[PDB]
$ cat input-v7.cif   # mmCIF, N, CA and C atoms
data_my_file
#
loop_
_atom_site.label_atom_id
_atom_site.label_comp_id
_atom_site.auth_asym_id
_atom_site.auth_seq_id
_atom_site.Cartn_x
_atom_site.Cartn_y
_atom_site.Cartn_z
N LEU A 1 -15.61 122.00 104.07
CA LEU A 1 -17.05 121.77 104.06
C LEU A 1 -17.81 123.07 103.76
N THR A 2 -18.88 122.95 102.97
CA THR A 2 -19.74 124.07 102.62
C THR A 2 -21.15 123.77 103.13
N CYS A 3 -21.74 124.73 103.84
CA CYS A 3 -23.08 124.56 104.39
C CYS A 3 -23.97 125.73 103.97
N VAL A 4 -25.26 125.43 103.80
CA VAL A 4 -26.25 126.47 103.55
C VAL A 4 -26.41 127.35 104.79
N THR A 5 -26.64 128.64 104.57
CA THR A 5 -26.82 129.61 105.64
C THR A 5 -28.18 130.29 105.64
N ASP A 6 -28.81 130.46 104.48
CA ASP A 6 -30.11 131.13 104.41
C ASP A 6 -30.97 130.60 103.26
N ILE A 7 -27.88 131.72 100.71
CA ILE A 7 -26.47 132.04 100.94
C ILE A 7 -25.77 130.83 101.54
N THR A 8 -24.46 130.72 101.30
CA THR A 8 -23.66 129.61 101.79
C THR A 8 -22.35 130.13 102.37
N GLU A 9 -21.59 129.23 102.99
CA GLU A 9 -20.34 129.62 103.65
C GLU A 9 -19.47 128.38 103.86
N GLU A 10 -18.18 128.63 104.11
CA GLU A 10 -17.20 127.59 104.40
C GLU A 10 -16.92 127.56 105.90
N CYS A 11 -16.93 126.36 106.48
CA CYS A 11 -16.85 126.19 107.93
C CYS A 11 -15.43 126.33 108.47
N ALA A 12 -15.35 126.68 109.75
CA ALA A 12 -14.09 126.78 110.47
C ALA A 12 -13.34 125.45 110.47
N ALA A 13 -12.09 125.51 110.94
CA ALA A 13 -11.16 124.39 110.80
C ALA A 13 -11.73 123.09 111.33
N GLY A 14 -12.27 123.11 112.54
CA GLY A 14 -12.77 121.90 113.15
C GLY A 14 -14.24 121.58 112.93
N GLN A 15 -14.92 122.30 112.04
CA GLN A 15 -16.35 122.14 111.84
C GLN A 15 -16.61 121.25 110.63
N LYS A 16 -17.06 120.02 110.89
CA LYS A 16 -17.27 119.01 109.85
C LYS A 16 -18.74 118.60 109.74
N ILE A 17 -19.67 119.44 110.20
CA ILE A 17 -21.09 119.12 110.16
C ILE A 17 -21.88 120.36 109.73
N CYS A 18 -22.88 120.16 108.88
CA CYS A 18 -23.95 121.12 108.60
C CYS A 18 -25.19 120.70 109.38
N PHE A 19 -26.01 121.67 109.78
CA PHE A 19 -27.21 121.38 110.55
C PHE A 19 -28.43 122.11 110.00
N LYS A 20 -29.60 121.51 110.26
CA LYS A 20 -30.90 122.17 110.17
C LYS A 20 -31.58 122.07 111.53
N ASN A 21 -32.18 123.17 111.98
CA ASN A 21 -32.80 123.21 113.31
C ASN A 21 -34.19 123.83 113.22
N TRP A 22 -35.21 123.03 113.54
CA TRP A 22 -36.60 123.47 113.51
C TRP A 22 -36.94 124.13 114.84
N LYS A 23 -37.12 125.45 114.83
CA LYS A 23 -37.55 126.19 116.01
C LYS A 23 -38.99 126.63 115.82
N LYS A 24 -39.82 126.35 116.82
CA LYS A 24 -41.25 126.54 116.68
C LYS A 24 -41.63 127.99 116.91
N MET A 25 -42.38 128.57 115.97
CA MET A 25 -42.94 129.90 116.12
C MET A 25 -44.42 129.88 116.47
N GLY A 26 -45.11 128.82 116.08
CA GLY A 26 -46.51 128.64 116.37
C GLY A 26 -46.97 127.33 115.76
N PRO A 27 -48.26 127.03 115.87
CA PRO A 27 -48.78 125.79 115.26
C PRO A 27 -48.47 125.74 113.77
N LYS A 28 -47.79 124.66 113.37
CA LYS A 28 -47.37 124.37 112.00
C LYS A 28 -46.33 125.33 111.46
N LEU A 29 -45.83 126.25 112.28
CA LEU A 29 -44.94 127.32 111.83
C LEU A 29 -43.59 127.16 112.51
N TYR A 30 -42.55 126.86 111.73
CA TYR A 30 -41.22 126.58 112.26
C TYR A 30 -40.19 127.41 111.51
N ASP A 31 -39.27 128.02 112.25
CA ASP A 31 -38.13 128.73 111.68
C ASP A 31 -36.93 127.78 111.63
N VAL A 32 -36.43 127.52 110.43
CA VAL A 32 -35.39 126.52 110.19
C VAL A 32 -34.04 127.22 110.12
N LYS A 33 -33.20 126.97 111.11
CA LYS A 33 -31.83 127.49 111.12
C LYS A 33 -30.88 126.52 110.42
N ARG A 34 -29.94 127.08 109.66
CA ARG A 34 -28.97 126.31 108.89
C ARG A 34 -27.60 126.96 109.03
N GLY A 35 -26.55 126.13 109.10
CA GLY A 35 -25.21 126.66 109.12
C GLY A 35 -24.19 125.58 109.44
N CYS A 36 -22.96 126.03 109.63
CA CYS A 36 -21.84 125.19 110.06
C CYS A 36 -21.87 124.99 111.57
N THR A 37 -21.20 123.93 112.01
CA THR A 37 -21.01 123.65 113.43
C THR A 37 -19.96 122.56 113.58
N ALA A 38 -19.42 122.45 114.79
CA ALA A 38 -18.48 121.39 115.14
C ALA A 38 -19.14 120.24 115.89
N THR A 39 -20.19 120.53 116.65
CA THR A 39 -20.98 119.53 117.36
C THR A 39 -22.44 119.70 116.96
N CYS A 40 -23.12 118.59 116.71
CA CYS A 40 -24.51 118.68 116.27
C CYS A 40 -25.33 119.31 117.40
N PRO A 41 -26.16 120.30 117.10
CA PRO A 41 -26.87 121.00 118.18
C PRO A 41 -27.97 120.15 118.79
N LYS A 42 -28.24 120.42 120.06
CA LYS A 42 -29.35 119.80 120.76
C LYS A 42 -30.66 120.40 120.28
N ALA A 43 -31.68 119.55 120.15
CA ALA A 43 -32.97 120.00 119.66
C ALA A 43 -33.86 120.44 120.81
N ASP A 44 -34.72 121.42 120.53
CA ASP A 44 -35.75 121.80 121.49
C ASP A 44 -36.72 120.64 121.70
N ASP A 45 -37.35 120.63 122.88
CA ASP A 45 -38.34 119.60 123.17
C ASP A 45 -39.43 119.55 122.10
N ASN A 46 -39.85 120.70 121.58
CA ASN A 46 -40.89 120.76 120.57
C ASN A 46 -40.32 120.92 119.16
N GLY A 47 -39.03 120.63 118.98
CA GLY A 47 -38.38 120.80 117.69
C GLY A 47 -37.77 119.54 117.11
N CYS A 48 -36.84 119.70 116.17
CA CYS A 48 -36.17 118.60 115.49
C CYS A 48 -34.90 119.14 114.86
N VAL A 49 -33.88 118.28 114.75
CA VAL A 49 -32.59 118.66 114.19
C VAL A 49 -32.14 117.58 113.23
N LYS A 50 -31.53 117.99 112.12
CA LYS A 50 -30.88 117.08 111.20
C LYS A 50 -29.44 117.52 110.97
N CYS A 51 -28.51 116.57 111.06
CA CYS A 51 -27.09 116.84 110.90
C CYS A 51 -26.49 115.93 109.85
N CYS A 52 -25.61 116.48 109.02
CA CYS A 52 -25.04 115.75 107.90
C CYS A 52 -23.63 116.30 107.67
N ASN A 53 -22.82 115.61 106.87
CA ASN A 53 -21.42 116.03 106.72
C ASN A 53 -20.89 115.89 105.28
N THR A 54 -21.67 116.34 104.30
CA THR A 54 -21.19 116.58 102.95
C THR A 54 -21.65 117.97 102.51
N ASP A 55 -21.12 118.42 101.37
CA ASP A 55 -21.24 119.82 100.98
C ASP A 55 -22.70 120.23 100.85
N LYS A 56 -23.12 121.14 101.73
CA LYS A 56 -24.49 121.67 101.73
C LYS A 56 -25.53 120.55 101.66
N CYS A 57 -25.22 119.41 102.27
CA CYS A 57 -26.21 118.40 102.59
C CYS A 57 -27.48 118.98 103.22
N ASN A 58 -27.36 120.11 103.92
CA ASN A 58 -28.45 120.64 104.74
C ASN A 58 -29.35 121.60 103.98
N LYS A 59 -29.60 121.38 102.69
CA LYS A 59 -30.49 122.25 101.91
C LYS A 59 -31.88 122.40 102.55
N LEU B 1 -48.17 100.98 124.86
CA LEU B 1 -47.71 102.34 124.60
C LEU B 1 -48.83 103.17 124.01
N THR B 2 -48.89 104.44 124.41
CA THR B 2 -49.85 105.40 123.90
C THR B 2 -49.10 106.53 123.20
N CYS B 3 -49.53 106.85 121.97
CA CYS B 3 -48.91 107.88 121.16
C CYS B 3 -49.98 108.85 120.66
N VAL B 4 -49.58 110.12 120.49
CA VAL B 4 -50.44 111.08 119.82
C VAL B 4 -50.57 110.72 118.35
N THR B 5 -51.77 110.90 117.80
CA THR B 5 -52.04 110.56 116.41
C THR B 5 -52.46 111.75 115.56
N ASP B 6 -53.10 112.75 116.14
CA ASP B 6 -53.48 113.95 115.40
C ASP B 6 -53.51 115.11 116.38
N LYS B 7 -53.32 116.31 115.84
CA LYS B 7 -53.27 117.52 116.65
C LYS B 7 -53.73 118.68 115.79
N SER B 8 -54.81 119.35 116.21
CA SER B 8 -55.39 120.42 115.40
C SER B 8 -56.18 121.37 116.29
N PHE B 9 -55.84 122.66 116.22
CA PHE B 9 -56.60 123.73 116.86
C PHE B 9 -56.73 123.52 118.36
N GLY B 10 -55.66 123.02 118.98
CA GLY B 10 -55.60 122.85 120.42
C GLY B 10 -56.04 121.50 120.93
N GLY B 11 -56.65 120.67 120.09
CA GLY B 11 -57.12 119.35 120.49
C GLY B 11 -56.23 118.27 119.88
N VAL B 12 -55.95 117.24 120.67
CA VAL B 12 -55.15 116.12 120.22
C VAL B 12 -55.95 114.84 120.39
N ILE B 13 -55.61 113.84 119.59
CA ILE B 13 -56.16 112.50 119.72
C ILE B 13 -55.00 111.54 119.97
N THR B 14 -55.28 110.47 120.71
CA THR B 14 -54.28 109.46 121.01
C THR B 14 -54.88 108.09 120.78
N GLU B 15 -54.03 107.07 120.89
CA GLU B 15 -54.43 105.70 120.62
C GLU B 15 -53.43 104.77 121.28
N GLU B 16 -53.83 103.52 121.43
CA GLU B 16 -52.95 102.50 121.98
C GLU B 16 -52.38 101.69 120.82
N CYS B 17 -51.06 101.51 120.84
CA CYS B 17 -50.36 100.87 119.73
C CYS B 17 -50.52 99.36 119.79
N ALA B 18 -50.45 98.73 118.63
CA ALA B 18 -50.46 97.28 118.56
C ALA B 18 -49.26 96.71 119.32
N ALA B 19 -49.29 95.39 119.53
CA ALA B 19 -48.28 94.73 120.36
C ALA B 19 -46.86 95.03 119.88
N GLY B 20 -46.63 94.95 118.58
CA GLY B 20 -45.31 95.12 118.02
C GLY B 20 -44.93 96.54 117.65
N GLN B 21 -45.74 97.54 118.00
CA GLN B 21 -45.43 98.95 117.73
C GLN B 21 -44.94 99.54 119.04
N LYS B 22 -43.63 99.75 119.16
CA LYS B 22 -43.04 100.17 120.43
C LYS B 22 -42.38 101.55 120.36
N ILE B 23 -42.73 102.36 119.37
CA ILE B 23 -42.15 103.69 119.18
C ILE B 23 -43.26 104.66 118.79
N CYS B 24 -43.20 105.89 119.31
CA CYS B 24 -43.98 107.00 118.78
C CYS B 24 -43.10 107.83 117.86
N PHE B 25 -43.71 108.47 116.86
CA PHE B 25 -42.96 109.26 115.90
C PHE B 25 -43.60 110.63 115.68
N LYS B 26 -42.75 111.58 115.30
CA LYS B 26 -43.15 112.85 114.70
C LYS B 26 -42.45 112.97 113.36
N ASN B 27 -43.17 113.45 112.34
CA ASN B 27 -42.62 113.56 110.99
C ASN B 27 -42.98 114.93 110.40
N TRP B 28 -41.96 115.75 110.15
CA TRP B 28 -42.15 117.09 109.59
C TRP B 28 -42.18 116.98 108.07
N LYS B 29 -43.36 117.20 107.48
CA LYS B 29 -43.51 117.24 106.03
C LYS B 29 -43.81 118.66 105.59
N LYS B 30 -43.09 119.13 104.57
CA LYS B 30 -43.10 120.54 104.19
C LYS B 30 -44.30 120.88 103.31
N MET B 31 -45.05 121.91 103.70
CA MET B 31 -46.16 122.44 102.92
C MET B 31 -45.85 123.77 102.25
N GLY B 32 -44.91 124.54 102.79
CA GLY B 32 -44.52 125.81 102.24
C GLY B 32 -43.38 126.38 103.06
N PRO B 33 -42.91 127.58 102.72
CA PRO B 33 -41.81 128.19 103.50
C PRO B 33 -42.20 128.31 104.97
N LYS B 34 -41.41 127.66 105.83
CA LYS B 34 -41.58 127.66 107.28
C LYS B 34 -42.87 126.99 107.73
N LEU B 35 -43.58 126.31 106.83
CA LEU B 35 -44.90 125.75 107.11
C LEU B 35 -44.82 124.23 107.01
N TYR B 36 -45.02 123.54 108.13
CA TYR B 36 -44.85 122.10 108.21
C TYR B 36 -46.05 121.44 108.88
N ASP B 37 -46.50 120.34 108.29
CA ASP B 37 -47.50 119.47 108.89
C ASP B 37 -46.78 118.31 109.58
N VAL B 38 -46.98 118.18 110.89
CA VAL B 38 -46.28 117.18 111.69
C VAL B 38 -47.19 115.97 111.84
N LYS B 39 -46.80 114.85 111.23
CA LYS B 39 -47.55 113.61 111.38
C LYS B 39 -47.09 112.89 112.65
N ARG B 40 -48.05 112.32 113.37
CA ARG B 40 -47.78 111.66 114.64
C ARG B 40 -48.55 110.34 114.70
N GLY B 41 -47.93 109.34 115.32
CA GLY B 41 -48.61 108.08 115.53
C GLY B 41 -47.66 107.01 116.05
N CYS B 42 -48.17 105.79 116.11
CA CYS B 42 -47.41 104.60 116.47
C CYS B 42 -46.62 104.07 115.28
N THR B 43 -45.57 103.31 115.59
CA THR B 43 -44.80 102.62 114.55
C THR B 43 -43.92 101.58 115.21
N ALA B 44 -43.47 100.63 114.39
CA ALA B 44 -42.55 99.58 114.84
C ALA B 44 -41.10 99.88 114.50
N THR B 45 -40.86 100.58 113.40
CA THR B 45 -39.54 101.02 112.99
C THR B 45 -39.59 102.52 112.74
N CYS B 46 -38.58 103.23 113.22
CA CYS B 46 -38.57 104.68 113.07
C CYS B 46 -38.45 105.02 111.58
N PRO B 47 -39.33 105.86 111.04
CA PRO B 47 -39.29 106.13 109.60
C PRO B 47 -38.16 107.08 109.22
N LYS B 48 -37.69 106.91 107.99
CA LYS B 48 -36.76 107.86 107.40
C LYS B 48 -37.51 109.12 106.97
N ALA B 49 -36.86 110.27 107.13
CA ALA B 49 -37.51 111.54 106.84
C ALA B 49 -37.37 111.89 105.37
N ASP B 50 -38.32 112.68 104.87
CA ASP B 50 -38.19 113.23 103.52
C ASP B 50 -36.93 114.07 103.45
N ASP B 51 -36.37 114.16 102.24
CA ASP B 51 -35.14 114.93 102.04
C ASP B 51 -35.24 116.33 102.64
N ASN B 52 -36.43 116.93 102.59
CA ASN B 52 -36.68 118.27 103.11
C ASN B 52 -37.35 118.26 104.48
N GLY B 53 -37.31 117.13 105.19
CA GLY B 53 -38.00 117.01 106.47
C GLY B 53 -37.16 116.65 107.67
N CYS B 54 -37.81 116.11 108.70
CA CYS B 54 -37.14 115.70 109.92
C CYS B 54 -38.06 114.75 110.69
N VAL B 55 -37.47 113.83 111.44
CA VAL B 55 -38.21 112.82 112.19
C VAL B 55 -37.66 112.76 113.60
N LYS B 56 -38.56 112.64 114.58
CA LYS B 56 -38.16 112.40 115.96
C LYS B 56 -38.89 111.16 116.46
N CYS B 57 -38.16 110.24 117.08
CA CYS B 57 -38.73 108.99 117.57
C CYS B 57 -38.40 108.80 119.04
N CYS B 58 -39.39 108.36 119.81
CA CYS B 58 -39.30 108.22 121.25
C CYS B 58 -40.16 107.02 121.66
N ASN B 59 -39.97 106.54 122.88
CA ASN B 59 -40.70 105.34 123.31
C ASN B 59 -41.20 105.45 124.75
N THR B 60 -41.80 106.59 125.10
CA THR B 60 -42.60 106.68 126.31
C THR B 60 -43.95 107.30 125.98
N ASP B 61 -44.88 107.17 126.92
CA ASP B 61 -46.28 107.51 126.66
C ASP B 61 -46.43 108.98 126.28
N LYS B 62 -47.02 109.22 125.11
CA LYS B 62 -47.26 110.56 124.56
C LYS B 62 -46.00 111.42 124.53
N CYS B 63 -44.83 110.79 124.46
CA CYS B 63 -43.60 111.50 124.14
C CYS B 63 -43.71 112.37 122.88
N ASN B 64 -44.55 111.99 121.91
CA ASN B 64 -44.56 112.66 120.61
C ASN B 64 -45.56 113.81 120.53
N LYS B 65 -45.74 114.57 121.61
CA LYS B 65 -46.68 115.70 121.64
C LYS B 65 -46.48 116.71 120.51
#

$ encode --input "input-v7.cif" --output "structure tokens"
Amino acid sequence: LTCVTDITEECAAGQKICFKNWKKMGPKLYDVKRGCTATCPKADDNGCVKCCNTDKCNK
Amino acid sequence: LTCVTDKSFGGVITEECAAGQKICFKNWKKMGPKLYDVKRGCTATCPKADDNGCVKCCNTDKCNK
């Protein structure tokens, strides 16, 4: 599996998911984290997460 | 059910949903790098997100702050 990082990368043996994670910096302003993972991350109360499992689905 | 409908400059508005609208939603629509307008309101079916977005759906009062 290949996931976006910023740049891209190939995930560890057991990592079959790419993620996007909206972290709030201020009103209307969110820092979006992207990368490989094995378990879909939990979202912040004021955030949102999207998880997918094909090559760089997480553009 | 009561859901948030708009949020701007510290003030929010809310509303009571119709009989068949049993979910509140948040919808991240992209305006620029790291810049998102979050749409909020009542709905009956949770909407699909834009390819470049994200959606959160909940069903308690003003869950969608």

$ closest_residue --input "input-v7.cif" --among "A:29, A:4, A:38, A:52" --to "chain B" --atoms "only C-alpha atoms"
A:29

$ resolve_selection --input "input-v7.cif" --expression "the PyMOL selection byres ((chain A) within 6 of (chain B))" --output "number ranges by chain"
A: 28-31

$ resolve_selection --input "input-v7.cif" --expression "the PyMOL selection byres (((chain A and resi 3 and name CA) around 6) and name CA)" --output "PyMOL selection string"
chain A and resi 2+4+8-9+18+35-36+56

$ select_by_dssp --input "input-v7.cif" --residues "chain B" --states "strand (DSSP E)" --output "ChimeraX atom specification"
/B:2-8,11-16,23-32,35-43,54-58

$ atom_distance --input "input-v7.cif" --atom1 "CA of residue 40 in chain B" --atom2 "atom C of residue 53 in chain A"
28.8 Å

$ resolve_selection --input "input-v7.cif" --expression "the PyMOL selection byres ((chain B and resi 61) around 6)" --output "list in words"
residues 1, 2, 3, 59, 60, 62, 63 and 64 of chain B

$ atom_distance --input "input-v7.cif" --atom1 "CA of residue 4 in chain B" --atom2 "CA of residue 57 in chain B"
12.1 Å

$ atom_distance --input "input-v7.cif" --atom1 "CA of residue 24 in chain B" --atom2 "atom C of residue 34 in chain A"
27.6 Å

$ build_atoms --input "input-v7.cif" --residues "range 4-21 of chain A" --atoms "N, CA, C and O atoms" --output "JSON list (two decimals), in the frame of the given file"
[["chain", "number", "residue", "atom", "x", "y", "z"],
["A", 4, "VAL", "N", -25.26, 125.43, 103.80],
["A", 4, "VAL", "CA", -26.25, 126.47, 103.55],
["A", 4, "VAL", "C", -26.41, 127.35, 104.79],
["A", 4, "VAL", "O", -26.31, 126.87, 105.93],
["A", 5, "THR", "N", -26.64, 128.64, 104.57],
["A", 5, "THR", "CA", -26.82, 129.61, 105.64],
["A", 5, "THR", "C", -28.18, 130.29, 105.64],
["A", 5, "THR", "O", -28.65, 130.68, 106.71],
["A", 6, "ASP", "N", -28.81, 130.46, 104.48],
["A", 6, "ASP", "CA", -30.11, 131.13, 104.41],
["A", 6, "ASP", "C", -30.97, 130.60, 103.26],
["A", 6, "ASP", "O", -30.50, 130.45, 102.14],
["A", 7, "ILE", "N", -27.88, 131.72, 100.71],
["A", 7, "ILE", "CA", -26.47, 132.04, 100.94],
["A", 7, "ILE", "C", -25.77, 130.83, 101.54],
["A", 7, "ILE", "O", -26.40, 130.00, 102.21],
["A", 8, "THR", "N", -24.46, 130.72, 101.30],
["A", 8, "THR", "CA", -23.66, 129.61, 101.79],
["A", 8, "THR", "C", -22.35, 130.13, 102.37],
["A", 8, "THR", "O", -22.03, 131.32, 102.26],
["A", 9, "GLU", "N", -21.59, 129.23, 102.99],
["A", 9, "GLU", "CA", -20.34, 129.62, 103.65],
["A", 9, "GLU", "C", -19.47, 128.38, 103.86],
["A", 9, "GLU", "O", -19.95, 127.25, 103.80],
["A", 10, "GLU", "N", -18.18, 128.63, 104.11],
["A", 10, "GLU", "CA", -17.20, 127.59, 104.40],
["A", 10, "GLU", "C", -16.92, 127.56, 105.90],
["A", 10, "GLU", "O", -16.68, 128.60, 106.52],
["A", 11, "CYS", "N", -16.93, 126.36, 106.48],
["A", 11, "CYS", "CA", -16.85, 126.19, 107.93],
["A", 11, "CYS", "C", -15.43, 126.33, 108.47],
["A", 11, "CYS", "O", -14.44, 126.11, 107.76],
["A", 12, "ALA", "N", -15.35, 126.68, 109.75],
["A", 12, "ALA", "CA", -14.09, 126.78, 110.47],
["A", 12, "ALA", "C", -13.34, 125.45, 110.47],
["A", 12, "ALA", "O", -13.86, 124.41, 110.06],
["A", 13, "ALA", "N", -12.09, 125.51, 110.94],
["A", 13, "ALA", "CA", -11.16, 124.39, 110.80],
["A", 13, "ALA", "C", -11.73, 123.09, 111.33],
["A", 13, "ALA", "O", -11.70, 122.06, 110.64],
["A", 14, "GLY", "N", -12.27, 123.11, 112.54],
["A", 14, "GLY", "CA", -12.77, 121.90, 113.15],
["A", 14, "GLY", "C", -14.24, 121.58, 112.93],
["A", 14, "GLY", "O", -14.75, 120.64, 113.54],
["A", 15, "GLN", "N", -14.92, 122.30, 112.04],
["A", 15, "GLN", "CA", -16.35, 122.14, 111.84],
["A", 15, "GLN", "C", -16.61, 121.25, 110.63],
["A", 15, "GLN", "O", -16.40, 121.66, 109.48],
["A", 16, "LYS", "N", -17.06, 120.02, 110.89],
["A", 16, "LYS", "CA", -17.27, 119.01, 109.85],
["A", 16, "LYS", "C", -18.74, 118.60, 109.74],
["A", 16, "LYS", "O", -19.03, 117.51, 109.25],
["A", 17, "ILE", "N", -19.67, 119.44, 110.20],
["A", 17, "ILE", "CA", -21.09, 119.12, 110.16],
["A", 17, "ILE", "C", -21.88, 120.36, 109.73],
["A", 17, "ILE", "O", -21.58, 121.48, 110.17],
["A", 18, "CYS", "N", -22.88, 120.16, 108.88],
["A", 18, "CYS", "CA", -23.95, 121.12, 108.60],
["A", 18, "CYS", "C", -25.19, 120.70, 109.38],
["A", 18, "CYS", "O", -25.42, 119.51, 109.61],
["A", 19, "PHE", "N", -26.01, 121.67, 109.78],
["A", 19, "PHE", "CA", -27.21, 121.38, 110.55],
["A", 19, "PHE", "C", -28.43, 122.11, 110.00],
["A", 19, "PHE", "O", -28.32, 123.15, 109.35],
["A", 20, "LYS", "N", -29.60, 121.51, 110.26],
["A", 20, "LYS", "CA", -30.90, 122.17, 110.17],
["A", 20, "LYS", "C", -31.58, 122.07, 111.53],
["A", 20, "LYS", "O", -31.58, 121.00, 112.15],
["A", 21, "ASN", "N", -32.18, 123.17, 111.98],
["A", 21, "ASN", "CA", -32.80, 123.21, 113.31],
["A", 21, "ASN", "C", -34.19, 123.83, 113.22],
["A", 21, "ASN", "O", -34.32, 125.02, 112.91]]
